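Asker: Quick one: this structure, given as structure tokens, is what I'll be asking you about.
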Amino acid sequence: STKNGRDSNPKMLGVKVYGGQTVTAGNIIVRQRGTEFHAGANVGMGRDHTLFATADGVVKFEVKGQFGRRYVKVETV
Amino acid sequence: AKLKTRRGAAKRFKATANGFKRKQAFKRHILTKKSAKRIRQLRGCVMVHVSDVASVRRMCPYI
Amino acid sequence: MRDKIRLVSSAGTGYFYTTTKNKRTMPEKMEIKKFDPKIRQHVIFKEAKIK
RNA sequence: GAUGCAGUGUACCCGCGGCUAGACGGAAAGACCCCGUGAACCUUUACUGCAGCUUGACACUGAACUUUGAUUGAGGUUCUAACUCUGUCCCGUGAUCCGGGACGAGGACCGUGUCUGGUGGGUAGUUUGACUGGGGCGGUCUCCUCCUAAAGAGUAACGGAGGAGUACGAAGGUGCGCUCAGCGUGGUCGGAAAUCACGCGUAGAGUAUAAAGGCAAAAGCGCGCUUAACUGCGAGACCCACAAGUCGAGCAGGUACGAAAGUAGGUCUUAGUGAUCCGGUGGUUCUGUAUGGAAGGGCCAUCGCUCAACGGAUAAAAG
RNA sequence: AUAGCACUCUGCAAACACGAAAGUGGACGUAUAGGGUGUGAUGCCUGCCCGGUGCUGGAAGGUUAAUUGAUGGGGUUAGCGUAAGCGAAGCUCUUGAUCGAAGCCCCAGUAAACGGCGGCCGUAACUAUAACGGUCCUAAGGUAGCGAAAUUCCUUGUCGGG
RNA sequence: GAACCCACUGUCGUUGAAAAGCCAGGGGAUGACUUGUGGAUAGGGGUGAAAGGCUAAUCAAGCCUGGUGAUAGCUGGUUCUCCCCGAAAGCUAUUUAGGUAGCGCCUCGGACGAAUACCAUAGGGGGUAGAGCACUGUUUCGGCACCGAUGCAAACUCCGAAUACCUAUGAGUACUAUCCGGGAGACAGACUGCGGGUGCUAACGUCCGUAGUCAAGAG
RNA sequence: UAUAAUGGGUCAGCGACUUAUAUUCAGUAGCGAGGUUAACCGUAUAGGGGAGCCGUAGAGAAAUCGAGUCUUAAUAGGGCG
Ligand SMILES: [Mg+2]
Ligand SMILES: [Mg+2]
Ligand SMILES: [Mg+2]
Ligand SMILES: [Mg+2]
Ligand SMILES: [Mg+2]
Ligand SMILES: [Mg+2]
Ligand SMILES: [Mg+2]
Ligand SMILES: [Mg+2]
Ligand SMILES: [Mg+2]
Ligand SMILES: [Mg+2]
Ligand SMILES: [Mg+2]
Ligand SMILES: [Mg+2]
Ligand SMILES: [Mg+2]
Ligand SMILES: [Mg+2]
Ligand SMILES: [Mg+2]
Ligand SMILES: [Mg+2]
Ligand SMILES: [Mg+2]
Ligand SMILES: [Mg+2]
Ligand SMILES: [Mg+2]
Ligand SMILES: [Mg+2]
Ligand SMILES: [Mg+2]
Ligand SMILES: [Mg+2]
Ligand SMILES: [Mg+2]
Ligand SMILES: [Mg+2]
Ligand SMILES: [Mg+2]
Ligand SMILES: [Mg+2]
Ligand SMILES: [Mg+2]
Ligand SMILES: [Mg+2]
Ligand SMILES: [Mg+2]
Ligand SMILES: [Mg+2]
Ligand SMILES: [Mg+2]
Ligand SMILES: [Mg+2]
Ligand SMILES: [Mg+2]
Ligand SMILES: [Mg+2]
Ligand SMILES: [Mg+2]
Ligand SMILES: [Mg+2]
Ligand SMILES: [Mg+2]
Ligand SMILES: [Mg+2]
Ligand SMILES: [Mg+2]
Ligand SMILES: [Mg+2]
Ligand SMILES: [Mg+2]
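Protein chains in written order, with our numbering: chain A, 1 to 77; chain B, 1 to 63; chain C, 1 to 51.
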């Protein structure tokens, strides 16, 4: 017989809102197993590292800092 | 002959103004391991889903 | 083996939480401070058998 | 696997006697194989009933002596009157049935009715999973991680590789504080390797556990104090056939740590799980069949399933 | 199937069978007879094992039914209490102290009862033999007799006869 | 060894003379023998010198009439005409796999409208094709674990497209999208091209993704 | 599927989506914040019969309130309206 034959159910991770899109407060922006992206202004991080908007506005992606981390933020008006 | 109600469904569903209400499952036992959020959010009534409303109406002709 | 136990309020309200412990590492009856919604104060809860 | 399709070859029309190479010739909705939550009969230490057999209590069931226990019971010895005789003699009678009378032998036994424990393929009704390069044997059935997977999500095979059915009142919260590993030098037993001091390169260390994604404001490592491992919620969003699952700012009550701004609704995250029914425990301003109560029920919080064939056909089943 | 042989049951209103009962066969018979079971004239004969299941005989220790009902707890009110509450007696819901046989657990016998009569090492090499010696187990580890057989896979085993 | 009772071999016959026979041979034939007449045993019962044999050409439970028109997720059949639109063979679950249910896909009515699509500009995050050793593995030759040259990788990555995908504006061309209700069918697919697993870089093989055709479409 | 897969030798006649009750949705008719009778009586399709049913109000398990109700300590928030 075969010792193999097992696999886990899908998790559906990924980016849900892209740059330039309008988001109201509370929308999930990124579903990530680790902090491949970091939260900037008006963005909160959850226990499972999910990024969500804490304000109304427009999404934006950027790269900044000494370490070169990828950041995602929300710009208001 | 007169249509007969399915009493099991009648004991699970009650009519609302524009639909039906029901209780939520997973609150009978095995409660210690569950989180407080789940415990408080599974309490109370909710509405019946549209994909089930037809079956509920067919089973309960008079409610 | 972690056994289920219930922590009962000392105010007589009847309120109780539930949790588990390791009997061997914690032989003594557990005693903690927690919030009591019936009286809306913090009081001592003591271990009681989960039954 | 071709009289009937394509291309070609041959062949004037119709009988009679022979022959069986083909018309996947006729005959019987294949007996082999598989399937249907089909049937029948047979077996058993498969499940569940019943007959039969057997144990004791009560009733038919009575009377006298006598011993031993704490007015009453349990044993022994006698008796006749209930009751038994498919034993003898008389009568109905002309009869090896039956009934009545007498005698004899037994006798509170045996036997029967109700209840009750045991035994019970002798009979009776049933069950005995699915997927599978046919079926059987073997393996698998739920969850987590990687690759197949074609740079959003999702994506199959009895495809290639590993884990889970836990742990922790601290391994949780907070304030403050600190950084791994491997090397080169010299030093008591001390030596590849354990302890001390200085130096060059520098995240390979570590993160309770499998892997992946992460980790300097360290998510890694200590100390002091503590219980936010709270209660009532909840704008909004993800994922979804349903039932479910996931993240979450912010608002009230009380609380811990900070000088303060503040952080805290368990643990770096993703596995460590089980619906409904029926019952148990504690509360309860609900209901409670004439009335007042009470039983019973409802609501809130909790407990009992390796229902692993893991959306679980029964409380209960092999060949 | 059979005559022969063996085991076992049955004391007569027999065991056993039919039948719901009454009754009927067994039998107008009776242990030299009747039923069940296995084997199969006759000759020589029929080894070992009671651990398992069955059957037979013991023991009254543990366990256990109906039945019985000792206690304990609750409901309800007469009466008490400013109130909260307490509450006799009568009914009533619940608990189960004690007593309580067969069977089983236990001990012996029984195989012409159902049944069983072995492994691994050194050697045997011509497949794998307690052949023979060691040891491990078991209730025990095949006496006589026979054997490539209605039983032998290798197999058309080897040798001789025809 | 005749009658009588049987049924061991062979030919014939087998739409037969015959729903079991004829012909030539064969066995018993004073016995556990053959046979006439009249009786007894009735279906989970009977009877059986035992073959599951026989019980009216019927037997692993006879026949007849009733329950009864039993049930069959199975096979078959389903009858006049014209017009309009027009599928699927997928996901999830199932003692479930050739059944069924929710969703996806079809049709009809109502409500609503350009809120929808194609293309152009603008903003986005990738880790595949390719490529390469900076990590993890593996690999060849030299100089003293390292250094100089050299290779490879679905479960390696210092890099990294084209395409796809999500958003906002805009010209034209399309009664497009969305919501509420009535009725379904379907959940056996096949071949070809491209990217792949499996197989032998075999199969008119098998399992996925993505387009076209058949299915349901003639010339 | 020409299939060498199934069915039919031929003709005539017969042969398969029905009936009752309940419910829901569309057409059409009466009436309209109302609509409508059932059994029954009745020289009987008439006329009587208003018991009853649907609609007009929800929320909550229920007691209970009511254009509001449920939860909560909350006049906050939220669910059904
Ligand atoms: Mg409960
Ligand atoms: Mg010629
Ligand atoms: Mg001819
Ligand atoms: Mg011929
Ligand atoms: Mg033909
Ligand atoms: Mg034929
Ligand atoms: Mg057939
Ligand atoms: Mg067969
Ligand atoms: Mg039945
Ligand atoms: Mg199968
Ligand atoms: Mg196979
Ligand atoms: Mg992928
Ligand atoms: Mg992907
Ligand atoms: Mg792609
Ligand atoms: Mg049940
Ligand atoms: Mg009352
Ligand atoms: Mg399942
Ligand atoms: Mg014999
Ligand atoms: Mg002999
Ligand atoms: Mg004759
Ligand atoms: Mg004969
Ligand atoms: Mg003779
Ligand atoms: Mg009989
Ligand atoms: Mg016959
Ligand atoms: Mg039968
Ligand atoms: Mg068309
Ligand atoms: Mg298709
Ligand atoms: Mg099931
Ligand atoms: Mg089928
Ligand atoms: Mg089909
Ligand atoms: Mg490549
Ligand atoms: Mg299917
Ligand atoms: Mg399919
Ligand atoms: Mg396909
Ligand atoms: Mg194919
Ligand atoms: Mg064509
Ligand atoms: Mg064709
Ligand atoms: Mg044909
Ligand atoms: Mg067919
Ligand atoms: Mg035909
Ligand atoms: Mg005709």
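Cβ atoms here follow ideal geometry from the backbone N, Cα and C, with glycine treated the same way.
Under the three-state reduction of DSSP, which class applies to residue 36/C: helix, strand or coil?
Answerer: strand
Asker: If you measure beta-carbon to beta-carbon, which residues of the region 9-34 of chain C are closer than 8 Å to chain B?
Answerer: 18, 19, 20
Asker: Measuring straight from C-alpha to C-alpha, what distance separates residue 24/A and residue 35/C?
Answerer: C-alpha of residue 24/A to C-alpha of residue 35/C: approximately 36 Å in a straight line.
Asker: Got a sec? Which residues, its chain only, sit under 6 Å from residue 38/A by beta carbon, not counting five neighbours each side?
Answerer: 69, 71
Asker: Can you pull the chain B neighbours of residue 51/C, defined as C-beta to C-beta under 7 Å?
Answerer: Chain B residues near residue 51/C: none, gap ~13 Å exceeds 7 Å.
Asker: So residue 4/C contacts chain B; which residues on that side make the cut at Cβ distance below 9 Å?
Answerer: 32
Asker: Counting only the same chain and skipping the five closest in sequence on each side, list residues whose C-beta sits under 6 Å from that of residue 18/C.
Answerer: 6
Asker: When DSSP labels each residue in this structure, what does residue 41/B get in the three-state scheme?
Answerer: helix
Asker: Secondary structure at residue 28/B, three-state DSSP: helix, strand or coil?
Answerer: coil
Asker: Can you tell me whether DSSP reads residue 36/B as helix, strand or coil?
Answerer: Under the three-state reduction of DSSP output, residue 36/B falls in the helix class.
Asker: Quick check: what's the CA-CA separation for residue 40/A versus residue 65/A?
Answerer: 12 Å
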